[PDB]
Structures are given as structure tokens and as C-alpha cells.
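A.B. asks: Provided hereafter are the protein sequence and its experimental coordinates.
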Amino acid sequence: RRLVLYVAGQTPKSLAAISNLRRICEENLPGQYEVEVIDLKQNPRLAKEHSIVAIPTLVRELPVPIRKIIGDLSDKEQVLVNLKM
Amino acid sequence: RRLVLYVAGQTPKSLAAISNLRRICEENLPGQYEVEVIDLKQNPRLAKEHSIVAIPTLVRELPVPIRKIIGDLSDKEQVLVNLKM
Amino acid sequence: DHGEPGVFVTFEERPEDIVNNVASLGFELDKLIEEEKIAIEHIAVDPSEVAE
Amino acid sequence: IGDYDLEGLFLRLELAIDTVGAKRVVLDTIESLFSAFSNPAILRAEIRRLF
């Protein structure tokens, strides 16, 4: 149960992304998985290592098949459905 | 928390724009940001300095990335969502 | 040649490009603007920060 | 979901440029970039910013 959130800088998109992640994770459901936030600007290399293109990105690696979600996570219901199991 | 509203003359569009700005700012929310209204006709130069094309315009400069809204601000909900944070 | 001031309103190319294009032909747009006989207006609009 | 910027493209390209001290750049098959993402306006703005 691990989730990674790739963002770049104190951007409105990334800030809203992490805030919305907080909201969906807490109000919608319990703490089933642990979140880790990585800001790409300091480590551009990690962007290549994880093959990231469009900010912001939310990637789950718990299941064998990877799954990514691109954007700021504005739609709570869609984010929850994409992250539900 | 600064907002600028560029208009031209006692035009119905600009008057309705400032009136609607008053309405959304007051009834919808508190005074989180301060508004300044500039009429372009007296200073056409300022139009070039701020790179303004279509009247009326509502520009926010508080966040690092600029954001503009073009029109008379007829849709209260859309204006508030565009100016919400 | 006929003493008529000019204005060049460009919607895509920047003033640097506009001047450089004719720099080779022998005209001096830098001098003609430096004297204001031709005024260049780069009227560019970016839709990214535009909501209608 | 929401709006995205091709920020990783810029970060990786900058990293490569600084690594190699590059002065010349080649962009091959930029049509796949459009074919991948769905929103056309975002891609248009992003590569206009890239150029």
C-alpha cells in the first residue's frame, strides 16, 4: 500500500494536488496506503528514473501492474474510483 | 491578494463588469483581496505595458503564474471558481 | 521615399524577427524605429492564462 | 484528472543539456506526444513554451 506523488515546485497545481490528496485520503477513506511526495525540481534525474512526463502525477506500485493518474486530482469521486480496491 | 480590472470608458460591458465584481466579491465571499480598476482610454500606454487586448479583463498577480479572465464576469459561479483558492 | 509614417502590427513574429528579416536586404528597421518612422506592435495573446 | 503541464519533459531535457554541455538539440517524432495525451490545447501550449 504505497503511493508516490511527483510534483515540481510550489506550483498551484502541485499544492492543490497534495491538498486534494490529503482531502480524498482522509475524509473519503481511512489510511489504507502511505503517501510519499517527491518534488522533481531538486532531482530532475529521478524524473528520468521513474519515467515521468506530465506534472502532477500520482503513481501506485503496490499491484504488479503499475497505474498512474495525471493531474491535480480535482475530481474526488474519479480519483477514489481510480484508487479503489 | 491583488486584482486588477482593465476596462475602457463608461461602456455597458465595463460598468456591468465592475458591478458584477462588486457583487461576487461582497455577497459571495469576504474581502480576501483588494481590487484596482484601470480605465484604458485615458492611458492607452498602460494597455501595452500590461499586454491587454480584449476588454474587460480581470488579472490576478498574487500567485507567481499570472491568470486572466476575459469578459464582463456574468457567471458568478464560474468567476468564483476561477478566483478561488 | 514618400514621407509617410508606418505601423507594423504583427500577431505571430516578434519585433526582433521582424527587424532581422529585412536587416539583410539593406534596410535598417532599428534606425527607422530609433527615429520613429515605423512603429512595431507585437500583439500576442496566450490562451493558456485566458478563460472566457 | 485536472490540468497537467509537461514539466517532466523540461526537467529531463534540462538535465541532459547540463550533463552534456549541449548546444544542439534534435526533437524526433513529436507527433507521438500529441497522440498520447488527450487534451490538445495543453499540448499545444506546452510545446509552444518548449520552443
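C.D. replies: Done, it's in. Residues are numbered from 1 along each chain as shown, chains lettered A, B, ... in the order given.
A.B. asks: ok, stretch A:48-64 near chain C or not?
C.D. replies: No - with C-beta under 8 Å from any C-beta of the partner chain as the measure, stretch A:48-64 is seen stopping short of chain C, the closest distance being 14.8 Å. From N, CA and C alone the C-beta is placed, and that goes for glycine too.
A.B. asks: Output that stretch in CSV, but only the C-alpha positions, please.
C.D. replies: The C-alpha atoms that make up stretch A:48-64 are tabulated as CSV, following Å, rounded to 0.1, in the frame of the first residue of the first chain:
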residue,chain,number,x,y,z
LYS,A,48,14.0,10.1,-15.8
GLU,A,49,14.4,7.1,-13.4
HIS,A,50,10.7,7.0,-12.8
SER,A,51,9.8,7.9,-16.4
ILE,A,52,7.7,10.9,-15.5
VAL,A,53,6.5,13.5,-18.1
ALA,A,54,3.4,15.5,-17.1
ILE,A,55,3.0,17.1,-13.6
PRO,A,56,1.4,16.4,-11.3
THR,A,57,1.5,12.5,-11.2
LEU,A,58,0.1,10.0,-8.7
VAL,A,59,1.6,6.5,-9.2
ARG,A,60,0.7,3.3,-7.3
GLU,A,61,3.2,0.4,-7.3
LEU,A,62,1.5,-2.0,-4.8
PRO,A,63,-0.1,-4.1,-7.5
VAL,A,64,2.1,-5.8,-10.0
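A.B. asks: anything in that stretch near chain D?
C.D. replies: Yes - part of stretch A:48-64 sits close enough to chain D to count as contact by C-beta under 8 Å from any C-beta, namely A:48, A:52-57.
A.B. asks: residues of that stretch that come out buried?
C.D. replies: Of the residues in stretch A:48-64, those scored as buried under the neighbour-count criterion (16 or more other C-beta atoms under 10 Å in any protein chain shown) are A:50, A:52-60.
A.B. asks: Flag every residue of chain D that's near chain A.
C.D. replies: Where proximity means C-beta under 8 Å from any C-beta, the interface of chain D facing chain A comprises D:1-9, D:11-12, D:14-15, D:37.
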